[PDB]
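**Q** let me see the structure of the following:
(chains A, B, C and D, ligands or ions: 2)
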Amino acid sequence: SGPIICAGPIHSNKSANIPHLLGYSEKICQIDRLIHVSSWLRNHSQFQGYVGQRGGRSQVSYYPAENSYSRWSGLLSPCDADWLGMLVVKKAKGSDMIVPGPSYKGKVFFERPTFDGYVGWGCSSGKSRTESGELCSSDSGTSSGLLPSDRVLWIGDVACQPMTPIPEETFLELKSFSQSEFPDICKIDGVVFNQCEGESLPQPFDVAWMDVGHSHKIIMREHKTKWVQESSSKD
Amino acid sequence: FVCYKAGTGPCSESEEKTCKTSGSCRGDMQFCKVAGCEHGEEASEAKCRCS
Amino acid sequence: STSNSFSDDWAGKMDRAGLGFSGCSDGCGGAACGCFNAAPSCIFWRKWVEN
Amino acid sequence: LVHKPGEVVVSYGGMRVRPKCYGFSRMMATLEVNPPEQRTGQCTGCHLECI
Ligand SMILES: *[C@@H]1O[C@H](CO)[C@@H](O[C@@H]2O[C@H](CO)[C@@H](O)[C@H](O)[C@H]2NC(C)=O)[C@H](O)[C@H]1NC(C)=O
Ligand SMILES: *[C@@H]1O[C@H](CO)[C@@H](O)[C@H](O)[C@H]1NC(C)=O
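**A** Numbers count the residues shown, from 1 in each chain, chains lettered A, B, ... in the order given. Ligands and ions are numbered 1, 2, ... in the order given. What follows is the structure:
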(Lines give C-alpha, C1' and ligand atoms only; values in the text may rest on other atoms or scores of the structure.)
(Ligands and ions follow the chains in the order given, each with its own letter.)
Protein backbone atom coordinates (compact mmCIF):
# COMPACT_ATOMS: atom_id res chain seq x y z
CA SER A 1 0.00 0.00 0.00
CA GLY A 2 1.77 3.09 1.31
CA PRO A 3 3.36 4.27 4.55
CA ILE A 4 3.08 2.49 7.89
CA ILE A 5 3.92 5.08 10.57
CA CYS A 6 5.26 8.21 8.87
CA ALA A 7 7.12 9.40 5.78
CA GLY A 8 10.85 9.83 5.22
CA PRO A 9 12.92 12.63 6.74
CA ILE A 10 14.32 15.51 4.73
CA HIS A 11 18.00 14.83 5.58
CA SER A 12 19.14 18.39 4.92
CA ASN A 13 22.77 17.96 6.00
CA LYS A 14 25.33 15.65 4.39
CA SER A 15 25.45 12.74 6.87
CA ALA A 16 23.40 12.43 10.07
CA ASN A 17 24.22 10.16 12.99
CA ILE A 18 22.19 7.02 13.71
CA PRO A 19 21.07 6.65 17.35
CA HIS A 20 20.55 3.19 18.79
CA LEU A 21 16.99 2.01 19.45
CA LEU A 22 15.50 -0.77 21.56
CA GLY A 23 11.72 -0.66 21.28
CA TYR A 24 9.91 -2.31 18.40
CA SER A 25 7.94 0.85 17.57
CA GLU A 26 10.97 3.04 16.90
CA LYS A 27 12.66 0.22 14.98
CA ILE A 28 9.62 -0.15 12.71
CA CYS A 29 9.55 3.64 12.33
CA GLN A 30 13.21 3.81 11.26
CA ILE A 31 12.67 0.84 8.93
CA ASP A 32 9.79 2.67 7.24
CA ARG A 33 12.13 5.63 6.68
CA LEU A 34 14.75 3.49 4.85
CA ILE A 35 17.39 4.00 7.54
CA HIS A 36 18.40 0.35 7.84
CA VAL A 37 19.71 0.38 4.27
CA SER A 38 21.76 3.49 5.08
CA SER A 39 23.15 1.77 8.18
CA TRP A 40 24.09 -1.28 6.11
CA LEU A 41 25.79 0.97 3.54
CA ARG A 42 27.67 2.72 6.37
CA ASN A 43 28.83 -0.58 7.92
CA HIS A 44 30.35 -2.62 5.07
CA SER A 45 29.69 -0.61 1.89
CA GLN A 46 31.18 2.65 3.30
CA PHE A 47 28.65 4.61 1.24
CA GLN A 48 28.32 8.23 2.34
CA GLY A 49 24.77 9.53 2.00
CA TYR A 50 21.17 8.37 2.36
CA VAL A 51 18.84 6.73 -0.15
CA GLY A 52 15.08 6.86 -0.58
CA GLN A 53 14.16 10.39 0.50
CA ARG A 54 10.40 10.75 1.13
CA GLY A 55 9.87 7.42 -0.64
CA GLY A 56 9.60 4.86 2.14
CA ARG A 57 9.63 1.10 1.76
CA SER A 58 6.41 1.09 -0.29
CA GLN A 59 8.01 2.58 -3.42
CA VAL A 60 10.66 -0.17 -3.58
CA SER A 61 10.71 -1.73 -7.04
CA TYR A 62 10.85 -5.48 -7.65
CA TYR A 63 12.04 -7.67 -10.51
CA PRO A 64 8.82 -9.69 -11.16
CA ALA A 65 6.92 -6.33 -11.14
CA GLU A 66 3.86 -8.11 -9.64
CA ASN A 67 4.37 -8.38 -5.87
CA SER A 68 1.24 -9.24 -3.89
CA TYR A 69 3.10 -9.06 -0.56
CA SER A 70 3.78 -5.35 -1.18
CA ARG A 71 0.12 -4.62 -0.43
CA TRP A 72 0.59 -6.21 3.02
CA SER A 73 2.75 -3.72 4.92
CA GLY A 74 2.95 -6.02 7.95
CA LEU A 75 5.30 -8.47 6.25
CA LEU A 76 8.99 -7.98 7.00
CA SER A 77 11.72 -8.19 4.37
CA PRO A 78 14.81 -10.35 5.03
CA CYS A 79 16.81 -7.15 5.59
CA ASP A 80 14.33 -6.14 8.30
CA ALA A 81 14.58 -9.63 9.80
CA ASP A 82 18.37 -9.23 9.91
CA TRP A 83 17.91 -5.81 11.52
CA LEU A 84 15.62 -7.39 14.14
CA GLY A 85 18.18 -10.08 15.00
CA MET A 86 16.31 -13.03 13.48
CA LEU A 87 18.89 -14.17 10.91
CA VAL A 88 22.54 -13.35 10.18
CA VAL A 89 23.48 -11.54 6.98
CA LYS A 90 26.54 -12.75 5.07
CA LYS A 91 29.15 -10.53 3.44
CA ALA A 92 29.54 -10.13 -0.33
CA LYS A 93 31.64 -13.12 -1.40
CA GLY A 94 33.09 -12.97 -4.91
CA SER A 95 32.50 -16.71 -5.42
CA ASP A 96 28.70 -16.20 -5.39
CA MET A 97 26.71 -15.84 -8.61
CA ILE A 98 23.94 -13.27 -9.06
CA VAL A 99 20.88 -14.20 -11.13
CA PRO A 100 20.76 -11.89 -14.18
CA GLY A 101 17.67 -10.46 -15.83
CA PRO A 102 17.12 -7.13 -14.06
CA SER A 103 18.72 -3.95 -15.38
CA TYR A 104 21.11 -2.65 -12.71
CA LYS A 105 21.73 0.61 -14.60
CA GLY A 106 21.27 3.54 -12.25
CA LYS A 107 20.89 1.38 -9.13
CA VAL A 108 23.05 1.72 -6.02
CA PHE A 109 22.23 -1.34 -3.88
CA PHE A 110 20.51 -4.69 -4.40
CA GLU A 111 20.17 -7.82 -2.26
CA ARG A 112 19.96 -11.44 -3.39
CA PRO A 113 19.02 -14.33 -1.07
CA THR A 114 21.60 -17.05 -1.74
CA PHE A 115 21.26 -20.76 -0.95
CA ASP A 116 23.40 -20.71 2.22
CA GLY A 117 22.15 -17.40 3.64
CA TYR A 118 21.57 -13.78 2.62
CA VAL A 119 24.12 -11.54 0.90
CA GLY A 120 24.06 -7.95 -0.30
CA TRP A 121 25.73 -6.05 -3.11
CA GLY A 122 26.23 -2.29 -3.33
CA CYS A 123 28.56 0.39 -4.66
CA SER A 124 30.70 3.12 -3.12
CA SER A 125 29.96 6.85 -3.08
CA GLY A 126 29.43 8.47 -6.47
CA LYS A 127 29.21 5.15 -8.32
CA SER A 128 26.45 2.92 -9.68
CA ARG A 129 26.07 -0.39 -11.47
CA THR A 130 26.00 -0.62 -15.26
CA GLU A 131 23.39 -2.33 -17.45
CA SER A 132 25.00 -5.67 -16.55
CA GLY A 133 25.90 -4.80 -12.95
CA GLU A 134 29.44 -6.19 -13.09
CA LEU A 135 31.19 -3.00 -11.94
CA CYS A 136 30.33 0.33 -10.29
CA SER A 137 30.58 2.98 -12.99
CA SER A 138 30.60 6.70 -12.26
CA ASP A 139 27.23 8.47 -12.15
CA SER A 140 26.56 12.20 -12.02
CA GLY A 141 23.18 11.70 -10.32
CA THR A 142 24.84 9.96 -7.35
CA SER A 143 26.98 12.99 -6.46
CA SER A 144 24.27 14.80 -4.47
CA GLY A 145 24.20 11.99 -1.89
CA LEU A 146 20.40 11.54 -2.00
CA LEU A 147 19.07 8.71 -4.16
CA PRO A 148 15.37 7.97 -4.79
CA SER A 149 13.68 4.76 -3.71
CA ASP A 150 13.40 3.29 -7.23
CA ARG A 151 17.17 2.66 -7.30
CA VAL A 152 16.80 -0.14 -4.71
CA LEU A 153 15.81 -3.55 -6.09
CA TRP A 154 14.93 -6.65 -4.06
CA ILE A 155 15.57 -9.87 -6.00
CA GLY A 156 12.57 -12.13 -5.41
CA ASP A 157 9.52 -11.84 -3.16
CA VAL A 158 10.33 -13.26 0.29
CA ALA A 159 8.98 -12.51 3.77
CA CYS A 160 10.28 -13.64 7.16
CA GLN A 161 8.68 -14.50 10.49
CA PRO A 162 9.66 -15.88 13.91
CA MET A 163 10.42 -19.61 13.79
CA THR A 164 10.51 -22.54 16.22
CA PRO A 165 13.46 -24.93 16.66
CA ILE A 166 12.91 -28.46 15.37
CA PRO A 167 14.85 -31.71 15.98
CA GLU A 168 17.50 -32.89 13.54
CA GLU A 169 15.60 -36.04 12.53
CA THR A 170 12.76 -34.06 10.93
CA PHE A 171 15.23 -31.84 9.08
CA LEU A 172 17.15 -34.89 7.84
CA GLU A 173 13.94 -36.56 6.63
CA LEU A 174 12.87 -33.37 4.84
CA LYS A 175 16.29 -33.05 3.18
CA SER A 176 16.16 -36.70 2.09
CA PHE A 177 12.66 -36.30 0.65
CA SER A 178 13.70 -33.11 -1.15
CA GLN A 179 16.81 -34.68 -2.68
CA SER A 180 14.74 -37.72 -3.69
CA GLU A 181 12.03 -35.60 -5.36
CA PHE A 182 14.66 -33.78 -7.48
CA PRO A 183 17.05 -36.31 -9.07
CA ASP A 184 18.20 -33.91 -11.81
CA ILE A 185 19.67 -31.24 -9.52
CA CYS A 186 23.29 -32.03 -8.60
CA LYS A 187 25.01 -28.91 -7.23
CA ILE A 188 23.77 -25.49 -6.07
CA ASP A 189 26.45 -22.76 -6.04
CA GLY A 190 29.37 -25.06 -5.31
CA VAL A 191 27.47 -27.00 -2.62
CA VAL A 192 27.26 -30.78 -2.92
CA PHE A 193 23.61 -31.85 -2.93
CA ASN A 194 23.35 -35.15 -4.84
CA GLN A 195 25.62 -37.74 -6.48
CA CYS A 196 25.92 -37.28 -10.25
CA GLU A 197 29.57 -38.23 -10.94
CA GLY A 198 30.04 -34.96 -12.82
CA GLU A 199 29.12 -31.27 -12.87
CA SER A 200 27.28 -29.52 -15.70
CA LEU A 201 26.99 -25.91 -16.83
CA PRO A 202 25.02 -23.46 -14.67
CA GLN A 203 21.35 -23.06 -15.58
CA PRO A 204 18.56 -21.09 -13.87
CA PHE A 205 15.88 -23.09 -12.06
CA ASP A 206 12.75 -21.66 -10.44
CA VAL A 207 11.78 -23.40 -7.18
CA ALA A 208 10.47 -22.37 -3.78
CA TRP A 209 12.56 -22.67 -0.63
CA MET A 210 12.41 -22.21 3.13
CA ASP A 211 14.91 -21.78 5.95
CA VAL A 212 15.01 -23.31 9.44
CA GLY A 213 18.18 -21.55 10.58
CA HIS A 214 20.53 -24.29 9.38
CA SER A 215 23.47 -24.05 6.96
CA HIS A 216 21.87 -25.05 3.64
CA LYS A 217 18.39 -24.34 2.31
CA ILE A 218 15.53 -26.80 1.71
CA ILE A 219 13.61 -26.58 -1.57
CA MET A 220 10.07 -27.95 -1.87
CA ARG A 221 7.68 -28.21 -4.82
CA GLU A 222 4.33 -29.33 -3.37
CA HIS A 223 3.44 -27.55 -0.13
CA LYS A 224 0.26 -26.46 1.65
CA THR A 225 0.42 -23.22 3.64
CA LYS A 226 -1.97 -21.73 6.19
CA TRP A 227 -2.10 -18.16 7.50
CA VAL A 228 -2.92 -17.84 11.21
CA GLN A 229 -3.05 -14.57 13.15
CA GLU A 230 -3.33 -15.97 16.73
CA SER A 231 -3.75 -12.38 18.05
CA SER A 232 -0.17 -12.29 19.29
CA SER A 233 1.12 -9.35 21.32
CA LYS A 234 4.26 -9.02 19.18
CA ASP A 235 2.20 -7.75 16.21
CA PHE B 1 27.98 -15.97 -31.89
CA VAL B 2 28.79 -12.26 -32.23
CA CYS B 3 30.36 -10.14 -29.48
CA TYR B 4 30.25 -6.37 -29.06
CA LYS B 5 31.04 -3.96 -26.22
CA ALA B 6 28.36 -1.46 -25.22
CA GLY B 7 29.48 2.08 -26.04
CA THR B 8 32.77 1.07 -27.71
CA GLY B 9 31.85 -1.55 -30.31
CA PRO B 10 33.48 -4.79 -31.45
CA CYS B 11 36.23 -5.93 -29.10
CA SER B 12 39.64 -7.35 -30.02
CA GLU B 13 40.60 -11.01 -30.39
CA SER B 14 41.88 -11.75 -26.87
CA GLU B 15 38.65 -11.19 -24.94
CA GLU B 16 36.45 -12.97 -27.48
CA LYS B 17 38.85 -15.93 -27.59
CA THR B 18 38.81 -16.15 -23.79
CA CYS B 19 35.00 -15.89 -23.87
CA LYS B 20 34.64 -18.69 -26.43
CA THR B 21 37.38 -21.07 -25.24
CA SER B 22 37.84 -20.76 -21.47
CA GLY B 23 34.23 -20.60 -20.26
CA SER B 24 34.37 -17.81 -17.63
CA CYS B 25 32.43 -15.43 -19.89
CA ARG B 26 29.07 -13.72 -19.34
CA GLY B 27 26.21 -13.97 -21.84
CA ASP B 28 22.57 -14.92 -22.35
CA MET B 29 20.99 -18.24 -21.41
CA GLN B 30 21.95 -19.79 -24.76
CA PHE B 31 25.65 -18.98 -24.30
CA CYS B 32 25.49 -20.15 -20.68
CA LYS B 33 23.92 -23.42 -21.85
CA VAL B 34 26.10 -24.28 -24.86
CA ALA B 35 29.48 -23.13 -23.50
CA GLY B 36 29.10 -22.00 -19.87
CA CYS B 37 29.31 -18.60 -18.23
CA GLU B 38 30.44 -16.92 -15.01
CA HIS B 39 28.33 -14.01 -13.77
CA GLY B 40 29.82 -13.41 -10.33
CA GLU B 41 30.09 -9.68 -11.13
CA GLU B 42 33.79 -9.72 -10.28
CA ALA B 43 36.13 -6.73 -10.53
CA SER B 44 36.47 -5.82 -14.21
CA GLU B 45 36.80 -2.53 -16.07
CA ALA B 46 34.79 -3.74 -19.07
CA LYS B 47 33.36 -6.86 -20.69
CA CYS B 48 32.57 -7.63 -24.33
CA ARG B 49 28.88 -8.51 -24.54
CA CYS B 50 28.17 -11.56 -26.70
CA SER B 51 24.74 -12.52 -28.02
CA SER C 1 -16.17 -14.23 -14.03
CA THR C 2 -12.79 -14.01 -12.23
CA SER C 3 -11.06 -17.39 -12.54
CA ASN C 4 -7.40 -16.30 -12.21
CA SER C 5 -6.79 -17.76 -8.75
CA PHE C 6 -3.12 -16.75 -8.62
CA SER C 7 -2.28 -14.02 -6.09
CA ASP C 8 1.44 -14.01 -6.97
CA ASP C 9 1.92 -16.91 -4.53
CA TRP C 10 0.99 -20.19 -6.26
CA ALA C 11 3.53 -22.49 -7.92
CA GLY C 12 1.79 -22.34 -11.31
CA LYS C 13 4.47 -20.06 -12.79
CA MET C 14 7.00 -22.85 -13.20
CA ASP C 15 8.47 -24.87 -16.05
CA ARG C 16 8.06 -28.28 -14.36
CA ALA C 17 4.52 -27.79 -12.99
CA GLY C 18 2.55 -28.47 -16.16
CA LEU C 19 -1.17 -28.05 -16.82
CA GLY C 20 -3.91 -27.51 -14.27
CA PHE C 21 -7.18 -25.79 -13.44
CA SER C 22 -7.48 -22.69 -11.25
CA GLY C 23 -10.32 -23.63 -8.90
CA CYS C 24 -11.66 -22.38 -5.60
CA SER C 25 -13.99 -23.40 -2.78
CA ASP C 26 -15.52 -22.07 0.44
CA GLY C 27 -14.63 -22.50 4.10
CA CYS C 28 -16.10 -22.05 7.55
CA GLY C 29 -15.77 -19.28 10.11
CA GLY C 30 -14.87 -19.02 13.79
CA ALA C 31 -11.90 -19.46 16.07
CA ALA C 32 -11.63 -23.14 15.11
CA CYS C 33 -11.88 -22.34 11.38
CA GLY C 34 -8.98 -19.86 11.39
CA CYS C 35 -10.62 -16.40 11.31
CA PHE C 36 -12.34 -14.02 13.74
CA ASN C 37 -15.70 -13.66 12.01
CA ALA C 38 -18.76 -15.90 11.59
CA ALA C 39 -18.61 -15.82 7.79
CA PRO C 40 -17.34 -18.16 5.06
CA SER C 41 -13.66 -17.79 4.18
CA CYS C 42 -12.18 -17.78 0.69
CA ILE C 43 -10.00 -20.88 0.26
CA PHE C 44 -8.25 -21.31 -3.10
CA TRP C 45 -6.81 -24.56 -4.45
CA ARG C 46 -4.67 -25.55 -7.44
CA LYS C 47 -4.12 -29.04 -8.85
CA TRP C 48 -1.88 -30.34 -11.62
CA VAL C 49 -0.15 -33.49 -12.88
CA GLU C 50 3.48 -34.60 -12.75
CA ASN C 51 5.70 -37.39 -14.10
CA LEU D 1 -2.62 -3.85 14.98
CA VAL D 2 -0.54 -3.96 11.81
CA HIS D 3 -2.25 -4.98 8.56
CA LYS D 4 -0.98 -8.48 7.75
CA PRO D 5 -2.44 -12.00 7.54
CA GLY D 6 -0.14 -13.13 10.36
CA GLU D 7 2.29 -16.00 10.62
CA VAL D 8 2.21 -18.76 8.00
CA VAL D 9 2.59 -22.48 8.74
CA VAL D 10 3.39 -25.01 6.00
CA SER D 11 2.97 -28.79 6.12
CA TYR D 12 5.08 -31.21 4.06
CA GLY D 13 4.56 -34.96 4.17
CA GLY D 14 2.31 -34.81 7.23
CA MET D 15 4.87 -32.87 9.30
CA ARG D 16 4.13 -29.26 10.25
CA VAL D 17 7.19 -26.98 10.22
CA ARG D 18 7.46 -23.31 11.21
CA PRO D 19 10.07 -21.77 8.87
CA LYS D 20 11.89 -18.49 9.39
CA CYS D 21 11.49 -16.92 5.93
CA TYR D 22 9.11 -17.89 3.12
CA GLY D 23 9.60 -16.79 -0.47
CA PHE D 24 10.02 -17.85 -4.08
CA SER D 25 13.12 -16.80 -6.02
CA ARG D 26 15.56 -18.12 -8.61
CA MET D 27 18.82 -19.93 -7.91
CA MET D 28 21.69 -21.21 -10.03
CA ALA D 29 21.89 -25.01 -10.15
CA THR D 30 23.15 -27.87 -12.31
CA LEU D 31 21.51 -30.73 -14.19
CA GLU D 32 22.27 -34.41 -14.78
CA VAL D 33 23.98 -35.10 -18.12
CA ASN D 34 24.25 -38.68 -19.41
CA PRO D 35 26.65 -38.92 -22.39
CA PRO D 36 26.25 -42.63 -23.25
CA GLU D 37 27.92 -42.35 -26.68
CA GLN D 38 27.19 -45.85 -28.02
CA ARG D 39 27.81 -47.83 -24.84
CA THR D 40 27.01 -51.23 -26.40
CA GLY D 41 26.60 -50.76 -30.14
CA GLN D 42 27.13 -54.24 -31.57
CA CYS D 43 29.43 -56.96 -30.23
CA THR D 44 28.78 -60.69 -29.88
CA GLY D 45 30.65 -63.93 -30.51
CA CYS D 46 28.50 -66.81 -31.75
CA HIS D 47 28.43 -69.56 -34.38
CA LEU D 48 25.96 -71.55 -36.46
CA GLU D 49 25.66 -75.31 -36.96
CA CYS D 50 23.35 -77.68 -38.82
CA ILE D 51 21.51 -80.71 -37.45
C1 LIG E 1 26.28 -1.59 12.00
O2 LIG E 1 27.14 -0.74 12.78
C3 LIG E 1 26.55 -0.27 13.99
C4 LIG E 1 27.54 0.67 14.63
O5 LIG E 1 28.49 -0.03 15.42
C6 LIG E 1 26.19 -1.45 14.89
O7 LIG E 1 25.53 -0.97 16.06
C8 LIG E 1 26.10 -1.60 17.22
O9 LIG E 1 25.37 -2.78 17.58
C10 LIG E 1 25.91 -3.46 18.72
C11 LIG E 1 25.09 -4.72 18.90
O12 LIG E 1 24.11 -4.56 19.91
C13 LIG E 1 25.87 -2.55 19.95
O14 LIG E 1 26.47 -3.21 21.05
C15 LIG E 1 26.61 -1.25 19.65
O16 LIG E 1 26.46 -0.35 20.74
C17 LIG E 1 26.07 -0.60 18.38
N18 LIG E 1 26.82 0.60 18.06
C19 LIG E 1 26.25 1.79 17.86
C20 LIG E 1 24.76 1.84 17.98
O21 LIG E 1 26.91 2.79 17.59
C22 LIG E 1 25.28 -2.43 14.15
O23 LIG E 1 25.06 -3.59 14.93
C24 LIG E 1 25.91 -2.83 12.82
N25 LIG E 1 25.04 -3.72 12.07
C26 LIG E 1 23.82 -3.39 11.63
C27 LIG E 1 23.08 -4.46 10.88
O28 LIG E 1 23.33 -2.28 11.81
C1 LIG F 1 24.69 17.19 9.95
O2 LIG F 1 24.19 18.49 10.25
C3 LIG F 1 24.98 19.15 11.25
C4 LIG F 1 24.26 20.43 11.58
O5 LIG F 1 25.17 21.45 11.98
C6 LIG F 1 26.39 19.38 10.72
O7 LIG F 1 27.32 18.81 11.64
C8 LIG F 1 26.58 18.75 9.34
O9 LIG F 1 25.89 19.52 8.37
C10 LIG F 1 26.08 17.30 9.30
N11 LIG F 1 27.04 16.42 9.95
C12 LIG F 1 27.95 15.70 9.29
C13 LIG F 1 27.94 15.83 7.80
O14 LIG F 1 28.74 14.96 9.87
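**Q** does residue A:115 touch residue A:187 like I think?
**A** No. Using C-beta atoms under 8 Å, residue A:115 is not in contact with residue A:187, being 10.3 Å away. All C-beta atoms are positioned from the backbone trio N, CA, C, and that covers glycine.
**Q** tell me where the chain has strands.
**A** No chain specified, so I'll use chain A. Taking DSSP state E as the criterion, chain A carries its strands at A:50-51, A:61-62, A:109-112, A:119-122, A:127-129, A:136-138, A:146-147, A:152-154, A:157-160, A:203-210, A:218-219, A:224-228.
**Q** right idea, wrong chain: chain D
**A** D:7-12, D:15-17, D:21-29.
**Q** just those strands: most buried one?
**A** strand D:21-29 (a mean of 20; mean count of other C-beta atoms under 10 Å in any protein chain shown).
**Q** ok, residues contacting that one?
**A** Applying C-beta atoms under 8 Å, 6 or more residues apart in numbering or on different chains, the contact partners of strand D:21-29 are A:78, A:81, A:87, A:97, A:99, A:113-115, A:155-161, A:185-189, A:202-211, A:225, C:9, C:11, D:8, D:10.
**Q** out of the residues you listed, which end up buried?
**A** Among those, those buried by neighbour count (16 or more other C-beta atoms under 10 Å in any protein chain shown) are A:78, A:81, A:87, A:97, A:113-115, A:155-161, A:185-189, A:202, A:205, A:207-211, C:9, C:11, D:10.
**Q** contacts only, for the closest residue to chain C within chain A.
**A** Closest approach between chain A and chain C, counting by C-beta to the nearest C-beta: residue A:68, at 3.7 Å. By C-beta under 8 Å, 6+ apart, residue A:68 lies in contact with A:157, C:7, C:8, C:9.
**Q** run the last query once more with 7 Å
**A** Residues in contact with residue A:68 (C-beta atoms under 7 Å, 6 or more residues apart in numbering or on different chains) are C:7, C:8, C:9.
**Q** please apply the same query to residue A:1.
**A** Contacts of residue A:1 by C-beta under 7 Å, 6+ apart are A:58, A:71, A:73.
**Q** now the residues you listed as TSV including neighbour count and distance to residue A:28?
**A** Formatted as TSV, those follow (neighbours: other C-beta atoms under 10 Å in any protein chain shown; distance: C-beta to C-beta, whole Å):
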residue	neighbour count	distance to residue A:28
A:58	14	14
A:71	13	18
A:73	20	10
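**Q** of these, which ones also sit close to chain D?
**A** residue A:73 (C-beta under 7 Å from any C-beta of the partner chain).
**Q** turn the contacts of residue A:1 into CSV, including distance to residue B:20.
**A** Shown next, in CSV, are those (distance: C-beta to C-beta, whole Å):
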residue, distance to residue B:20
A:58, 46
A:71, 47
A:73, 49
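**Q** could I get the contacts of residue A:1 in TSV, plus columns for distance to chain C?
**A** Below are the contacts of residue A:1 laid out as TSV (distance: C-beta to the nearest C-beta, whole Å):
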residue	distance to chain C
A:58	16
A:71	10
A:73	16
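**Q** out of the contacts of residue A:1, flag the one nearest to ligand 2.
**A** Distances from ligand 2 to these, taken as C-beta to the nearest ligand atom, are shortest for residue A:58 (26.7 Å).
**Q** ok, the residue lying closest to that closest one once chain neighbours are set aside to residue B:25 distance?
**A** Distances taken as C-beta to C-beta, 6 or more residues apart in numbering or on different chains put residue A:2 closest to residue A:58, at 5.1 Å, once the chain neighbours are dropped. Residue A:2 sits 44 Å away from residue B:25, going by C-beta to C-beta, to the nearest Å.
**Q** please apply the same query to residue A:202.
**A** Residue A:202 sits 12 Å away from residue B:25, going by C-beta to C-beta.
**Q** ok, now residue A:115?
**A** 23 Å.
**Q** same question for residue B:35.
**A** 7 Å.
**Q** so between the two, which is more surrounded?
**A** Neighbours were counted for residue B:35 and for residue B:25 using other C-beta atoms under 10 Å in any protein chain shown; residue B:25 has more, 23 against 17.
**Q** isn't that one right up against residue B:37?
**A** Yes. In this structure, residue B:25 is within contact of residue B:37 by C-beta atoms under 7 Å, at 5.4 Å.
**Q** which neighbours do these two share?
**A** residue B:31.
**Q** who in chain A is up against ligand 1?
**A** A:20, A:39, A:40, A:43, A:83 (C-beta under 6 Å from any ligand atom).
**Q** which one of those residues is nearest to residue A:132?
**A** residue A:40 (23.2 Å; C-beta to C-beta).
**Q** nearest residue to that closest one other than its sequence neighbours?
**A** That would be residue A:120: by C-beta to C-beta, 6+ apart, it lies 6.6 Å from residue A:40.
**Q** and what of residue A:205?
**A** residue D:29 (4.6 Å).
**Q** tell me what that neighbour is bridged to.
**A** Residues in a beta bridge with residue D:29, per DSSP bridges, are residue A:203.
**Q** for residue A:157, same thing?
**A** residue D:24.
**Q** check contacts around it.
**A** Residue A:157 neighbours (C-beta under 7 Å, 6+ apart): A:62, A:64, A:67, A:69, C:8, D:23, D:24.
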